[PDB]
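What's in upload-v3.pdb: PDB, C-alpha atoms
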```pdb
ATOM      1  CA  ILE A1520      -8.609   2.375   6.707  1.00  0.00           C
ATOM      2  CA  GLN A1521     -12.043   3.623   5.614  1.00  0.00           C
ATOM      3  CA  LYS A1522     -11.012   7.229   4.883  1.00  0.00           C
ATOM      4  CA  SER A1523     -12.077   8.081   1.341  1.00  0.00           C
ATOM      5  CA  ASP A1524      -9.487   9.017  -1.277  1.00  0.00           C
ATOM      6  CA  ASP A1525     -11.205  12.359  -1.939  1.00  0.00           C
ATOM      7  CA  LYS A1526     -11.558  13.209   1.767  1.00  0.00           C
ATOM      8  CA  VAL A1527      -7.827  12.699   2.439  1.00  0.00           C
ATOM      9  CA  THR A1528      -5.427  15.519   1.569  1.00  0.00           C
ATOM     10  CA  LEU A1529      -1.686  15.489   0.966  1.00  0.00           C
ATOM     11  CA  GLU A1530      -1.035  16.861   4.470  1.00  0.00           C
ATOM     12  CA  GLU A1531      -3.237  14.159   6.031  1.00  0.00           C
ATOM     13  CA  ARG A1532      -1.070  11.573   4.241  1.00  0.00           C
ATOM     14  CA  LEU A1533       2.022  13.426   5.516  1.00  0.00           C
ATOM     15  CA  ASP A1534       0.732  13.320   9.096  1.00  0.00           C
ATOM     16  CA  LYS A1535      -0.438   9.690   8.995  1.00  0.00           C
ATOM     17  CA  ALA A1536       2.532   8.197   7.127  1.00  0.00           C
ATOM     18  CA  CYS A1537       5.185   9.840   9.338  1.00  0.00           C
ATOM     19  CA  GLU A1538       3.965   8.245  12.576  1.00  0.00           C
ATOM     20  CA  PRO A1539       6.408   6.022  14.518  1.00  0.00           C
ATOM     21  CA  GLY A1540       3.670   3.391  14.729  1.00  0.00           C
ATOM     22  CA  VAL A1541       3.610   3.221  10.918  1.00  0.00           C
ATOM     23  CA  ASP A1542       6.608   1.066   9.978  1.00  0.00           C
ATOM     24  CA  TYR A1543       6.462   0.534   6.197  1.00  0.00           C
ATOM     25  CA  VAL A1544       5.372   2.874   3.388  1.00  0.00           C
ATOM     26  CA  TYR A1545       5.478   1.359  -0.123  1.00  0.00           C
ATOM     27  CA  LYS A1546       4.295   2.120  -3.649  1.00  0.00           C
ATOM     28  CA  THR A1547       4.156  -1.363  -5.139  1.00  0.00           C
ATOM     29  CA  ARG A1548       2.462  -3.701  -7.608  1.00  0.00           C
ATOM     30  CA  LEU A1549       0.807  -7.096  -7.176  1.00  0.00           C
ATOM     31  CA  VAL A1550       1.381 -10.261  -9.203  1.00  0.00           C
ATOM     32  CA  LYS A1551      -0.777 -13.147  -7.982  1.00  0.00           C
ATOM     33  CA  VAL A1552      -4.130 -13.390  -6.196  1.00  0.00           C
ATOM     34  CA  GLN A1553      -4.853 -16.795  -4.647  1.00  0.00           C
ATOM     35  CA  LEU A1554      -8.376 -17.321  -3.345  1.00  0.00           C
ATOM     36  CA  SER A1555      -8.799 -19.878  -0.566  1.00  0.00           C
ATOM     37  CA  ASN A1556     -11.579 -20.813   1.832  1.00  0.00           C
ATOM     38  CA  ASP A1557      -9.818 -19.442   4.922  1.00  0.00           C
ATOM     39  CA  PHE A1558      -7.965 -16.363   3.662  1.00  0.00           C
ATOM     40  CA  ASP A1559      -7.135 -14.708   0.348  1.00  0.00           C
ATOM     41  CA  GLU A1560      -3.430 -14.192  -0.320  1.00  0.00           C
ATOM     42  CA  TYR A1561      -1.729 -11.630  -2.560  1.00  0.00           C
ATOM     43  CA  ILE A1562       1.773 -12.277  -3.880  1.00  0.00           C
ATOM     44  CA  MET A1563       3.024  -8.755  -4.464  1.00  0.00           C
ATOM     45  CA  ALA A1564       6.219  -7.180  -5.790  1.00  0.00           C
ATOM     46  CA  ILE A1565       8.235  -4.165  -4.658  1.00  0.00           C
ATOM     47  CA  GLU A1566       8.152  -1.251  -7.105  1.00  0.00           C
ATOM     48  CA  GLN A1567       9.521   1.380  -4.704  1.00  0.00           C
ATOM     49  CA  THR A1568      10.566   1.485  -1.057  1.00  0.00           C
ATOM     50  CA  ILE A1569       9.305   4.887   0.097  1.00  0.00           C
ATOM     51  CA  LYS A1570       9.943   4.197   3.799  1.00  0.00           C
ATOM     52  CA  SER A1571      11.571   0.928   4.842  1.00  0.00           C
ATOM     53  CA  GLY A1572      10.845  -0.489   8.274  1.00  0.00           C
ATOM     54  CA  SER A1573      11.776  -3.597  10.251  1.00  0.00           C
ATOM     55  CA  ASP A1574      11.557  -5.805   7.132  1.00  0.00           C
ATOM     56  CA  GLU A1575      14.580  -5.536   4.829  1.00  0.00           C
ATOM     57  CA  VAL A1576      12.998  -6.004   1.404  1.00  0.00           C
ATOM     58  CA  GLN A1577      14.487  -4.905  -1.924  1.00  0.00           C
ATOM     59  CA  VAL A1578      12.857  -3.585  -5.095  1.00  0.00           C
ATOM     60  CA  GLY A1579      11.473  -6.444  -7.181  1.00  0.00           C
ATOM     61  CA  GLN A1580      11.241  -8.959  -4.333  1.00  0.00           C
ATOM     62  CA  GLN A1581       7.891 -10.594  -3.590  1.00  0.00           C
ATOM     63  CA  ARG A1582       5.947 -10.733  -0.326  1.00  0.00           C
ATOM     64  CA  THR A1583       2.480 -11.922   0.671  1.00  0.00           C
ATOM     65  CA  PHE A1584      -0.491  -9.895   1.891  1.00  0.00           C
ATOM     66  CA  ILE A1585      -3.053 -11.974   3.809  1.00  0.00           C
ATOM     67  CA  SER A1586      -6.651 -10.780   4.014  1.00  0.00           C
ATOM     68  CA  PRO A1587      -9.851 -12.482   5.168  1.00  0.00           C
ATOM     69  CA  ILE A1588     -12.355 -13.431   2.480  1.00  0.00           C
ATOM     70  CA  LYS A1589     -14.965 -10.914   3.734  1.00  0.00           C
ATOM     71  CA  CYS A1590     -12.575  -8.139   2.648  1.00  0.00           C
ATOM     72  CA  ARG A1591     -12.418  -9.623  -0.881  1.00  0.00           C
ATOM     73  CA  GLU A1592     -15.392  -7.515  -1.936  1.00  0.00           C
ATOM     74  CA  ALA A1593     -14.180  -4.681   0.305  1.00  0.00           C
ATOM     75  CA  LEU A1594     -10.589  -4.251  -0.902  1.00  0.00           C
ATOM     76  CA  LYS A1595     -11.420  -4.532  -4.660  1.00  0.00           C
ATOM     77  CA  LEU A1596      -7.873  -5.513  -5.602  1.00  0.00           C
ATOM     78  CA  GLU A1597      -7.530  -5.889  -9.377  1.00  0.00           C
ATOM     79  CA  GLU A1598      -4.462  -7.573 -10.861  1.00  0.00           C
ATOM     80  CA  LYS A1599      -1.540  -5.685 -12.491  1.00  0.00           C
ATOM     81  CA  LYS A1600      -2.489  -2.465 -10.672  1.00  0.00           C
ATOM     82  CA  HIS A1601      -0.505  -0.141  -8.433  1.00  0.00           C
ATOM     83  CA  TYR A1602      -1.506   0.376  -4.818  1.00  0.00           C
ATOM     84  CA  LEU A1603      -0.195   2.549  -2.006  1.00  0.00           C
ATOM     85  CA  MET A1604       0.007   0.403   1.125  1.00  0.00           C
ATOM     86  CA  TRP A1605       1.244   1.492   4.536  1.00  0.00           C
ATOM     87  CA  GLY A1606       0.691   0.186   8.046  1.00  0.00           C
ATOM     88  CA  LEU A1607       2.239  -0.796  11.357  1.00  0.00           C
ATOM     89  CA  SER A1608       4.744  -3.442  12.446  1.00  0.00           C
ATOM     90  CA  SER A1609       2.126  -5.364  14.463  1.00  0.00           C
ATOM     91  CA  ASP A1610       1.073  -7.253  11.304  1.00  0.00           C
ATOM     92  CA  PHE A1611       4.201  -9.432  11.271  1.00  0.00           C
ATOM     93  CA  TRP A1612       3.108 -13.047  10.901  1.00  0.00           C
ATOM     94  CA  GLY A1613       5.937 -15.379   9.856  1.00  0.00           C
ATOM     95  CA  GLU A1614       9.676 -15.533  10.426  1.00  0.00           C
ATOM     96  CA  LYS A1615      12.275 -13.293   8.771  1.00  0.00           C
ATOM     97  CA  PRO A1616      12.914 -15.117   5.405  1.00  0.00           C
ATOM     98  CA  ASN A1617       9.207 -16.043   5.053  1.00  0.00           C
ATOM     99  CA  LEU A1618       7.478 -12.900   6.297  1.00  0.00           C
ATOM    100  CA  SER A1619       3.741 -12.548   5.758  1.00  0.00           C
ATOM    101  CA  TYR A1620       1.659  -9.449   6.405  1.00  0.00           C
ATOM    102  CA  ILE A1621      -1.921  -8.825   7.532  1.00  0.00           C
ATOM    103  CA  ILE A1622      -4.271  -6.275   5.975  1.00  0.00           C
ATOM    104  CA  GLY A1623      -5.587  -4.945   9.276  1.00  0.00           C
ATOM    105  CA  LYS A1624      -7.901  -2.132  10.308  1.00  0.00           C
ATOM    106  CA  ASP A1625      -4.912   0.237  10.498  1.00  0.00           C
ATOM    107  CA  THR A1626      -3.593  -0.803   7.065  1.00  0.00           C
ATOM    108  CA  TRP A1627      -3.838   1.920   4.413  1.00  0.00           C
ATOM    109  CA  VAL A1628      -4.568   0.596   0.910  1.00  0.00           C
ATOM    110  CA  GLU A1629      -5.118   3.223  -1.796  1.00  0.00           C
ATOM    111  CA  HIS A1630      -5.517   2.945  -5.564  1.00  0.00           C
ATOM    112  CA  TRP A1631      -2.564   4.447  -7.437  1.00  0.00           C
ATOM    113  CA  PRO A1632      -3.553   5.261 -11.040  1.00  0.00           C
ATOM    114  CA  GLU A1633      -0.968   4.834 -13.773  1.00  0.00           C
ATOM    115  CA  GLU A1634       1.019   7.491 -15.632  1.00  0.00           C
ATOM    116  CA  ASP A1635      -1.454   7.673 -18.516  1.00  0.00           C
ATOM    117  CA  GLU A1636      -4.293   7.480 -15.963  1.00  0.00           C
ATOM    118  CA  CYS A1637      -3.032  10.728 -14.386  1.00  0.00           C
ATOM    119  CA  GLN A1638      -4.129  12.509 -17.598  1.00  0.00           C
ATOM    120  CA  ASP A1639      -7.809  12.360 -16.578  1.00  0.00           C
ATOM    121  CA  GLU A1640      -9.306  15.287 -14.675  1.00  0.00           C
ATOM    122  CA  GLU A1641     -10.803  12.965 -12.042  1.00  0.00           C
ATOM    123  CA  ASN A1642      -7.414  11.456 -11.149  1.00  0.00           C
ATOM    124  CA  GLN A1643      -5.414  14.710 -11.278  1.00  0.00           C
ATOM    125  CA  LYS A1644      -5.682  15.544  -7.549  1.00  0.00           C
ATOM    126  CA  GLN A1645      -4.848  11.969  -6.495  1.00  0.00           C
ATOM    127  CA  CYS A1646      -1.807  11.875  -8.813  1.00  0.00           C
ATOM    128  CA  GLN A1647      -0.619  15.268  -7.506  1.00  0.00           C
ATOM    129  CA  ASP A1648      -1.049  14.196  -3.860  1.00  0.00           C
ATOM    130  CA  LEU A1649       0.661  10.837  -4.416  1.00  0.00           C
ATOM    131  CA  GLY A1650       3.522  12.402  -6.392  1.00  0.00           C
ATOM    132  CA  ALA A1651       4.131  15.008  -3.690  1.00  0.00           C
ATOM    133  CA  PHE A1652       3.810  12.170  -1.133  1.00  0.00           C
ATOM    134  CA  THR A1653       6.641  10.263  -2.851  1.00  0.00           C
ATOM    135  CA  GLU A1654       8.738  13.404  -3.383  1.00  0.00           C
ATOM    136  CA  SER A1655       8.340  14.362   0.287  1.00  0.00           C
ATOM    137  CA  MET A1656       9.083  11.012   1.948  1.00  0.00           C
ATOM    138  CA  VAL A1657      11.710   9.688  -0.498  1.00  0.00           C
ATOM    139  CA  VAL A1658      13.854  12.819  -0.791  1.00  0.00           C
ATOM    140  CA  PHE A1659      13.255  14.494   2.582  1.00  0.00           C
ATOM    141  CA  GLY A1660      11.925  11.764   4.877  1.00  0.00           C
ATOM    142  CA  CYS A1661       9.707  12.216   7.911  1.00  0.00           C
ATOM    143  CA  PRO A1662      10.415  14.926  10.519  1.00  0.00           C
ATOM    144  CA  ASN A1663      10.030  13.832  14.184  1.00  0.00           C
TER     145      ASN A1663
END
```

If you convert what's in this file into structure tokens, what do you get?
Amino acid sequence: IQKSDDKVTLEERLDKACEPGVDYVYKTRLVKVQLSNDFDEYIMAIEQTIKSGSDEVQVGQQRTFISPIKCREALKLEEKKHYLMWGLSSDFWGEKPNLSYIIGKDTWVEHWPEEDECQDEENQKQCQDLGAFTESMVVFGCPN
């Protein structure tokens, strides 16, 4: 989703992440990046489950994000970083114990800076929006 992180507000995240099309909302980390000729895969671990969907995954379990190689320069996924990823349930690929996901055009990937990295003035607004995002969907959920 090519909306910029400065152009999106907290209320835009509240409107987009509470849609019934959007199935999963997670703040997570990634472990392994495997680069292949067909598609690049990301073994990725659950840090929090902000909004669980049709996949029953627990905190600390690992899943796989599949992206095409042309998005490898576009995603800019660096290892041991935190990312906010949401999206729809149409990106189911495998079966239930071996579920794989697809980074589609409707998949929201955002850089989540760390707790020390919130101390910068450039990352203050993003940390405030993402903290109020977590404190709105974890504690109170999504209305309608």

Problem set entry | For residue 1547 in chain A: contacts at 10 Å, only C-alpha atoms, fewer than 3 positions along chain excluded, given as a PyMOL selection string | chain A and resi 1544+1563-1569+1578-1579+1600-1604+1631

For this session: Given the file shown, determine the residues that the PyMOL selection byres ((chain A and resi 1605-1613) around 9) selects; report them as a count of residues only.
Result: 28

For this session: Give me the residues within 12 Å of range 1645-1654 of chain A as a count of residues only, counting all atoms listed in the file and dropping any in the same chain fewer than 5 places off.
Result: 41

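In this structure, CA of residue 1581 in chain A sits 10.0 Å away from CA of residue 1551 in chain A.
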
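Relative to CA of residue 1552 in chain A, CA of residue 1597 in chain A is found at 8.8 Å.
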
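Interatomic distance, CA of residue 1655 in chain A to CA of residue 1582 in chain A: 25.2 Å.
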
Problem set entry | Selection: 9 Å around residue 1599 in chain A, only C-alpha atoms, excl. self and same-chain fewer than 5 positions, as a ChimeraX atom specification | /A:1548-1551

Coordinates of box centre and edge lengths for range 1635-1645 of chain A, 5 Å on every side, axis-aligned, as lines of an AutoDock Vina configuration file:
```
center_x = -6.1
center_y = 11.5
center_z = -12.5
size_x = 19.3
size_y = 18.1
size_z = 22.0
```

Problem set entry | Picked residues, the PyMOL selection byres ((chain A and resi 1555) around 12), as an MDAnalysis selection string | chainID A and resid 1552:1554 1556:1561 1585:1589 1591
